[PDB]
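Comments concern the structure below.
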2 protein chains.
Amino acid sequence: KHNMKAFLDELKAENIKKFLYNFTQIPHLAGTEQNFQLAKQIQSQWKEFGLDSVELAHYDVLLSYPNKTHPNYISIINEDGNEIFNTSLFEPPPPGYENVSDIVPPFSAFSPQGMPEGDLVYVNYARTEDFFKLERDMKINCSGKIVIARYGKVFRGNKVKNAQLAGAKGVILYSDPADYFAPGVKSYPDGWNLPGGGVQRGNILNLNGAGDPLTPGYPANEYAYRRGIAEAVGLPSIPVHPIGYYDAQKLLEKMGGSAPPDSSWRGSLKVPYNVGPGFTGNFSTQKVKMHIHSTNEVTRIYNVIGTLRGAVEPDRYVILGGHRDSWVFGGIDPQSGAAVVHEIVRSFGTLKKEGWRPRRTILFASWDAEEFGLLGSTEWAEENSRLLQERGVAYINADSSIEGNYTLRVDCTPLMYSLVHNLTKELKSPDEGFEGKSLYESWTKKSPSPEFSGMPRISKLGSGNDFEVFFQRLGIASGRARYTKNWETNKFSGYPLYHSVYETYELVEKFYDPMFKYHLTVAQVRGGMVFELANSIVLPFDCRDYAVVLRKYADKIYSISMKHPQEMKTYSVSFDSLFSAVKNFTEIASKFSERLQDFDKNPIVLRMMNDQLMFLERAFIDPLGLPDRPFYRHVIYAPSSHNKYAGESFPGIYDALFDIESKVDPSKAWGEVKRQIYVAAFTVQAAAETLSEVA
Amino acid sequence: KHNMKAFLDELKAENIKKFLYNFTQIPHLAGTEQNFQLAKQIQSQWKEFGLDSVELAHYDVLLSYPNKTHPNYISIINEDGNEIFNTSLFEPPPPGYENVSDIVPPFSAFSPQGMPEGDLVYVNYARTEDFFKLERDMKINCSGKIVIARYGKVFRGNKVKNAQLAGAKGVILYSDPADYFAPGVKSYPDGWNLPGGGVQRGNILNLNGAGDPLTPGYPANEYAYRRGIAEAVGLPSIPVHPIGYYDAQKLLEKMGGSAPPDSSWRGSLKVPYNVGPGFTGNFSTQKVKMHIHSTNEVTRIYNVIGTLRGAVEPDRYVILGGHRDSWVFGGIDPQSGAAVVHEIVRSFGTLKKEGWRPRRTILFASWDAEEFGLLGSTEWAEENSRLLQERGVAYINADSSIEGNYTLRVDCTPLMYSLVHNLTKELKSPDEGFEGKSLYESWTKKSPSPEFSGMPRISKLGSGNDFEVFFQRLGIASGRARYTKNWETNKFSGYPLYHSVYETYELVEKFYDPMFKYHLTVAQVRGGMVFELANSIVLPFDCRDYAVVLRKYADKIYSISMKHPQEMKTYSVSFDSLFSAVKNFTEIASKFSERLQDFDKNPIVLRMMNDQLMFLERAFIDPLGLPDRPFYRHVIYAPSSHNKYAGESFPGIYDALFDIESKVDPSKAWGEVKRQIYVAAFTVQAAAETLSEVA
Ligand SMILES: *[C@@H]1O[C@H](CO)[C@@H](O[C@@H]2O[C@H](CO)[C@@H](O[C@@H]3O[C@H](CO[C@H]4O[C@H](CO)[C@@H](O)[C@H](O)[C@@H]4O)[C@@H](O)[C@H](O[C@H]4O[C@H](CO)[C@@H](O)[C@H](O)[C@@H]4O)[C@@H]3O)[C@H](O)[C@H]2NC(C)=O)[C@H](O)[C@H]1NC(C)=O
Ligand SMILES: *[C@@H]1O[C@H](CO)[C@@H](O[C@@H]2O[C@H](CO)[C@@H](O[C@@H]3O[C@H](CO[C@H]4O[C@H](CO)[C@@H](O)[C@H](O)[C@@H]4O)[C@@H](O)[C@H](O[C@H]4O[C@H](CO)[C@@H](O)[C@H](O)[C@@H]4O)[C@@H]3O)[C@H](O)[C@H]2NC(C)=O)[C@H](O)[C@H]1NC(C)=O
Ligand SMILES: *[C@@H]1O[C@H](CO)[C@@H](O[C@@H]2O[C@H](CO)[C@@H](O[C@@H]3O[C@H](CO)[C@@H](O)[C@H](O)[C@@H]3O)[C@H](O)[C@H]2NC(C)=O)[C@H](O)[C@H]1NC(C)=O
Ligand SMILES: *[C@@H]1O[C@H](CO)[C@@H](O[C@@H]2O[C@H](CO)[C@@H](O[C@@H]3O[C@H](CO)[C@@H](O)[C@H](O)[C@@H]3O)[C@H](O)[C@H]2NC(C)=O)[C@H](O)[C@H]1NC(C)=O
Ligand SMILES: *[C@@H]1O[C@H](CO)[C@@H](O[C@@H]2O[C@H](CO)[C@@H](O)[C@H](O)[C@H]2NC(C)=O)[C@H](O)[C@H]1NC(C)=O
Ligand SMILES: *[C@@H]1O[C@H](CO)[C@@H](O[C@@H]2O[C@H](CO)[C@@H](O)[C@H](O)[C@H]2NC(C)=O)[C@H](O)[C@H]1NC(C)=O
Ligand SMILES: *[C@@H]1O[C@H](CO)[C@@H](O[C@@H]2O[C@H](CO)[C@@H](O)[C@H](O)[C@H]2NC(C)=O)[C@H](O)[C@H]1NC(C)=O
Ligand SMILES: *[C@@H]1O[C@H](CO)[C@@H](O[C@@H]2O[C@H](CO)[C@@H](O)[C@H](O)[C@H]2NC(C)=O)[C@H](O)[C@H]1NC(C)=O
Ligand SMILES: *[C@@H]1O[C@H](CO)[C@@H](O[C@@H]2O[C@H](CO)[C@@H](O)[C@H](O)[C@H]2NC(C)=O)[C@H](O)[C@H]1NC(C)=O
Ligand SMILES: *[C@@H]1O[C@H](CO)[C@@H](O[C@@H]2O[C@H](CO)[C@@H](O)[C@H](O)[C@H]2NC(C)=O)[C@H](O)[C@H]1NC(C)=O
Ligand SMILES: *[C@@H]1O[C@H](CO)[C@@H](O)[C@H](O)[C@H]1NC(C)=O
Ligand SMILES: *[C@@H]1O[C@H](CO)[C@@H](O)[C@H](O)[C@H]1NC(C)=O
Ligand SMILES: *[C@@H]1O[C@H](CO)[C@@H](O)[C@H](O)[C@H]1NC(C)=O
Ligand SMILES: *[C@@H]1O[C@H](CO)[C@@H](O)[C@H](O)[C@H]1NC(C)=O
Ligand SMILES: [Ca+2]
Ligand SMILES: [Ca+2]
Ligand SMILES: [Cl-]
Ligand SMILES: [Cl-]
Ligand SMILES: [Zn+2]
Ligand SMILES: [Zn+2]
Ligand SMILES: [Zn+2]
Ligand SMILES: [Zn+2]
């Protein structure tokens, strides 16, 4: 047979290993020649594997690179102006790579240039609440100061935005061992920990879904009209640079001023974690000085787009996409994912050569410039938005396949919950001690949902990856899956070697997945989802699962509001309309489910009902967007305004309620809460009504 | 057979006459009890005629009404402050209606309240170019003046916006006999001319597609959150009132200051048409004073929605809609249209009772509050936007069936040109001297297109009617058709009795269409279009007709730019990308047309190709809208920024070029021209690509 088992059995761990090795011997930084060569390689192989067409889609977008002859660094500078301590110019290269060229040194992509000099303030993780604590409780003023923040907890772009609004004139980011050195594990090369010379690269934009900073709304093609830099989207206004913990120790050890307010502010280095401003007594006239010379430059990027045309519904697209560009070697991020996509393409192409085609069209994507702001995925979606809006069934992401070795992680739309539960029940667990058991069984046992027992955890989609345009701009049902670490011990730092030179093929082969079994399990989950999406006669979405979570989110947002019972009385703030809409959605979805089971098993009734399923995620889009974030159009889910990686439910109401007890005009503030309640209730009801009988 | 002939032959002129009489005996002003009663009547009859469901859809929207105990009027006031002349409090009622209650007196809907007093300036038609002439050439300053303008040429809302931006503190609108008294024809009741006591009602909003001023984006349902008045969309900031030409003669006869600049400024009254400011010598200390006391009030409105479910594609909607609310009796506007819709429903329901159903679902609409800003149509579309976006095949409007008796008028999307030509070739002409000839033949002879010879004129859609939400917001293929007057003699004033108390059943029966034959012809055209749209196996749209007009519009906009050859050199302004896109659209549309003829006559290939046809109008929508007009989202067609009734092609580029030689920063101005060229070329190319093979 050519069925899902045939597809799944063709997948090989050894192939994934070979591809991973192949993709990780040299850097593949976005906009570089090496990453164009790899694009061409992938294009050629996907043709050989059997896809019907494989093309490159290119764009010219704003990228950022350090100046090779004028290095970035930070100093401590004395009264005379001598630089008495300098941070490192590069990470010590790992064993066997010390002769590799074109390793980009640590930098914060999109930093403006500058040489600010001043007194330090330590701001913990530079979260919204960290700045609240500093300003409101401790009375420390960051205006004109250089802030130093530890990586962790939230997206670094949010940190930089928060520092800027506090009046900082610069930001130093560092990796604390509290967050990036796991107990009892050795530093790379002898284990998977971050050494003291290691540094996490990454961009510091606040794009809010825009894509290329210069062309919001439209693809950065050959005739594009570009904004000037000063009107560009999401660029930081102060210089920023990242360092490792050996260097951070030297900048922190002399700090004076106030003590840390409590222990959640102290990391693991042998320093007091004083907040400042400035250094203690003897050193009070010393200062910190940054030297940032990076440049932003419009640069060509290349996506690879592969098509396997559907036999029955070629105008229905199921997309498997993940990025190809890396900061350095990309041993985990993204090549552990890219190798899994490569093997999935190979397995689908094996079936194709034996005469099979899926029911619907499958598109495969190797995106560029993910690391610079989801640029490649977003420009392509901008170009193809009309096709995607009207024909997009589902997007499955495929970045890193592993960030740990403990259990499965899935984040997806409620529409895919049933599909994931069913598929995982049919796959074998790779976990020690669950031999001969299902993946569902191990997953549920190691990662219990915080709601249902006998069920596994499935998280909301947040952002910080290439599904953002598809899900939160365009409203296409999306999901992602990988192997992850223990949620119990998850400090929301990411894995220690994230975006460092130490993220290599050897890291993976020696410490994460020697047998490539977790990779194979993730290939089965991603590939299995694509298979079912592209081949099931009825789309495998259960609208009743959305009804259940909408009730949970409505309870949650109501609970937040109810912290302010006096204002809800004064301003007549009711959630009754939202609850009504959720009740109606629940009722209508139940009836639709009955019809979908009882209908005359009539292709037009079938195509009608498949369109109702396909357009249900679509219905949650508001064409006006969310307030001041036009490209976040989904009403139920947006990236958190405080942390791009985290998803927020009923974001418009959430942000209207946030810190509302501090607004100077409560009438206006509670008016906007009511406004957002109306928008949400309306959108829920409208989405429900797409599932009613059509006439 | 149950075919189009069966449908068409069932239509009766005598029925249209009976319905017209029935709908025009009492006023049906929006928001009044009488118009709710008529809604209920229509609902009951459409059920009896055989539709599957007929429901009322209600909204609470901002309406405007004079104060019954505090009448609006204008005075000339002397040095002491005595009102020596007052305009009329009402139009003399026509014969036999002098005892009818609830005739709303002449007023400008949405005027703010006020009693401004000042000197008059006469501003011709209050067009953009009229104000240019006044300010730039004549050096006359309108600041703090009351302006008096003749109706005609452009939508009255544009007049009021233009007066406000010139600094006026009030506006008086009047009907000049030059524009509303046809040579050799008697005043009502003895002919179809405007008497001197007649006055044209109408709203003066600038909504730019928003619908209800208080709820832009969302339906004005029971839980809607409403903007405060000061944040409302499109309300005028100065008082405004309309008068007839007996009264206007008394306000104009004393005008002094400058002479009219040329004869295009002089109407037909026996006055000099001096521009002012103020009155001549003896009267120089006299002033004009307005007294406006109308109020804006949220009021319930009622749309009637009827459904005739499709047998094969019930999830595909072909909509026939027109409004039911009238200023007074609505003998022409809208009841000549509403009666035609009523008879179309009756004929379709006759076929249904004999067991027939159309292929696709037909929706019939009786909209409310059209006269107050397309409110009823727009609120319903806001509510149902997701269903309409994904399922809307076509919208056919059905306001007034007649505005003359000379020939057919059609304004529609290029996608319907072929459909209209073909249908009209099969219908009989009602025209004297074309007995036994086709409607196509008479139409083409009396209204030659200004492009093709052997072809009839078909105009672009403008606005000022209920198709606006469907076409320019949502991108659903739309059209309209009526009988009209001679284009040779068309001064763009509208018919003389427009929005007056004299627009009665008798006007129509005695002077426009005694035999109801023009009404029957328009019922055949509107109903025939609906029939073909809802029943043709392949949708009856020809994408090649869009290609031809896109080239014409690109030539036109390029020609406008080329008035500025030096700036196009300085700023490197090229239309090459637009021309390229139009060429590609032409090529791709040609191939698609081949496939549509050659395809395997396979329902999925059929539903795929019908979806490509349905979503082609959709593809011209930009979700970001046009500059400062978020609800005008179609890139090819928008209502003119200078005249809501007129359509503009490539509006974003047009407005970027308009009066550009007067902008103070030409670099910036020409930058935005280039930006709009990019947006247009991109949208044309993207629309083309929806017609490529799908995979
Ligand atoms: C969840 O789904 C339910 C349906 O099961 C929706 O229920 C509707 O709720 C609205 C708001 O409460 C009801 O609105 C009321 O409609 C009355 C007239 O309804 C009749 O006529 C209409 C046609 O115009 C028919 O469609 C309808 O079926 C009924 O035959 C009005 O008279 C009411 O207004 C009066 O009371 C209100 C409230 O006190 C006053 O403010 C007004 O001034 C006025 O006095 C009112 O507008 C509606 O009838 C219900 N529909 C149905 C089919 O039952 C919920 O709305 C939905 N939830 C959400 C969030 O959409
Ligand atoms: C009307 O439809 C036609 C197609 O028939 C479109 O033609 C495209 O036009 C663009 C812009 O001119 C061409 O862009 C050029 O692409 C070159 C690479 O193309 C090859 O590789 C790509 C994959 O990346 C393939 O898809 C493609 O088929 C080719 O194999 C680039 O090298 C060019 O850039 C170089 O020259 C330019 C111009 O001087 C410089 O600015 C650059 O710096 C660089 O040196 C260029 O980007 C494209 O190849 C054409 N496509 C095809 C299929 O022929 C029109 O674009 C379309 N009109 C509109 C408005 O969309
Ligand atoms: C995940 O798998 C579950 C369990 O197999 C699937 O649910 C099952 O779906 C089938 C097929 O529609 C249901 O069968 C139907 O039962 C009704 C009940 O009367 C009958 O009338 C129909 O003709 C048909 O036989 C079955 O009831 C249902 N089981 C449960 C517990 O819900 C589910 O659909 C899968 N999900 C996805 C997305 O595929
Ligand atoms: C308006 O009517 C015209 C004239 O009837 C319709 O155009 C005609 O459409 C038919 C049906 O598709 C075409 O027939 C086809 O001809 C090709 C030519 O080789 C053949 O391969 C097909 O199998 C089929 O027989 C016909 O050529 C065409 N005539 C012309 C002059 O274009 C037109 O489609 C009608 N428009 C609408 C919207 O209905
Ligand atoms: C990654 O694998 C590819 C494909 O096997 C290798 O590229 C091929 O290299 C051979 C030998 O130089 C050439 O003959 C082929 O033309 C290449 N094929 C393609 C499609 O590019 C590549 O060398 C491998 N890279 C590494 C570092 O092992
Ligand atoms: C930190 O790096 C800086 C810059 O390279 C060093 O300062 C320079 O020292 C050279 C050689 O002594 C002088 O000629 C330059 O004028 C100095 N430049 C600046 C900007 O100060 C500094 O010595 C280094 N500090 C340490 C501790 O290594
Ligand atoms: C791979 O899995 C092993 C086994 O679970 C992990 O090692 C254990 O880590 C936990 C701490 O979380 C300790 O409780 C155990 O004592 C460790 N056992 C051994 C044998 O080392 C290891 O951490 C995993 N690798 C990665 C990269 O996460
Ligand atoms: C317009 O026509 C309608 C329908 O024929 C008339 O309304 C009917 O009036 C009769 C007599 O009063 C009643 O028995 C029916 O219940 C009414 N039907 C409906 C559906 O409303 C109406 O009277 C006519 N109006 C005028 C001015 O002639
Ligand atoms: C125009 O109408 C106004 C207002 O009704 C008339 O002025 C009023 O005249 C009455 C009776 O003489 C006075 O008691 C009021 O005080 C006046 N009101 C105002 C606002 O002036 C005026 O007479 C009318 N003019 C003409 C020519 O008929
Ligand atoms: C109905 O049609 C008649 C006949 O065309 C119109 O009357 C003619 O109007 C034109 C002026 O446009 C004159 O050239 C003719 O001399 C008129 N003839 C007659 C017999 O009156 C009439 O104007 C039309 N009615 C309406 C409302 O437009
Ligand atoms: C890099 O720095 C050098 C010298 O320090 C300078 O001359 C050059 O212009 C800079 N390059 C860029 C791209 O900014
Ligand atoms: C913070 O410091 C800056 C530095 O001059 C000052 O301008 C600003 O007002 C200060 N804010 C507070 C709350 O002290
Ligand atoms: C209408 O005018 C009267 C008296 O001239 C005033 O008392 C009343 O409030 C006004 N009505 C409205 C609705 O404004
Ligand atoms: C028009 O008149 C007003 C009235 O005071 C004045 O403020 C404005 O500047 C004048 N503009 C010109 C161009 O004279
Ligand atoms: Ca872009
Ligand atoms: Ca609204
Ligand atoms: Cl992922
Ligand atoms: Cl019309
Ligand atoms: Zn990544
Ligand atoms: Zn990354
Ligand atoms: Zn009308
Ligand atoms: Zn009207």
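First the proteins, then the strands, lettered A, B, ... as listed; each starts at 1. The figures here come from the full heavy-atom set of this structure, side chains too, leaving out hydrogens, waters and symmetry mates. Atoms within a ligand are numbered from 1 in the order they appear, just like the ligands themselves.
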Inset, instruction - Confirm or rule out an N/O/S atom of A:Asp333, from backbone or side chain, lying less than 2.8 Å from the Zn ion (ligand 19). - result: yes
Legend entry - Any N, O or S atom of A:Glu371 closer than 2.8 Å to the Zn ion (ligand 19): no
For [atom], is some protein heavy-atom partner under 4.0 Å away?
{"atom": "atom 8 (C) of ligand 6", "answer": "no"}
{"atom": "atom 28 (O) of ligand 6", "answer": "yes"}
{"atom": "atom 25 (N) of ligand 6", "answer": "yes"}
{"atom": "atom 11 (C) of ligand 6", "answer": "no"}
{"atom": "atom 1 (C) of ligand 6", "answer": "yes"}
{"atom": "atom 15 (C) of ligand 6", "answer": "no"}

Inset, instruction - Please confirm whether A:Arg324 makes a cation-pi placement over A:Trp367, using NZ or CZ under 6.0 Å from the six-membered ring centre and within 45° of the ring normal. - result: no
Legend entry - Geometric cation-pi criterion, A:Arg346 with A:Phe49: 6.0 Å, 45°: no
Legend entry - N or O contact, A:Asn86 vs ligand 6, cut-off under 3.5 Å: yes
Inset, instruction - Evaluate the ring planes of A:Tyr645 and A:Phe155, with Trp represented by its six-membered ring, and classify them as parallel (under 30°), tilted (30 to 60°) or perpendicular (over 60°). - result: perpendicular
Legend entry - Rounded distance [0.5 Å steps], OG in A:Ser400 versus CD in A:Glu503: 6.5 Å
Legend entry - Interatomic distance, A:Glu370 atom CD to A:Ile301 atom CD1 [nearest 0.5 angstrom]: 11.5 Å
Legend entry - Which residue and heavy atom of the protein sit nearest atom 23 (O) of ligand 6, plus the separation: A:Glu83 O, 4.2 Å
Inset, instruction - Provide, to 0.1 Å, the distance between atom 5 (O) of ligand 6 and the closest protein heavy atom, together with that atom's residue and name. - result: A:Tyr73 OH, 4.4 Å
Inset, instruction - Indicate the atoms forming the closest heavy-atom contact of A:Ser366 with A:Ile42, along with that distance. - result: CB-CG2, 4.5 Å
Electrostatic pair [X]-[Y], nearest N-O below 4.0 angstrom:
{"X": "A:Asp399", "Y": "A:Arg480", "result": "no"}
{"X": "A:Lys485", "Y": "A:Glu403", "result": "no"}
{"X": "A:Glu382", "Y": "A:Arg473", "result": "yes"}

Inset, instruction - Closest by any non-hydrogen atom to atom 19 (C) of ligand 5: pick that one out of A:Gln41, A:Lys18, A:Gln43. - result: A:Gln41
Inset, instruction - Using the ring-ring contact (aromatic ring centres under 6.0 Å, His included) rule, pick out the option among A:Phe471, A:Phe364, A:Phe470 that qualifies with A:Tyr395. - result: A:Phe470
Inset, instruction - Below 4.0 angstrom from a heavy atom of A:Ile84, which ligand 6 atoms are there? Numbered from 1 as shown, please. - result: 27 (C)
Inset, instruction - State, to the nearest 10 degrees, the angle whose vertex is the Zn ion (ligand 19) and whose arms point to OD2 of A:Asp399 and NE2 of A:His323. - result: 100°
Inset, instruction - Report yes if some N/O of A:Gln25 lies less than 3.5 Å from some N/O of ligand 5; otherwise report no. - result: no
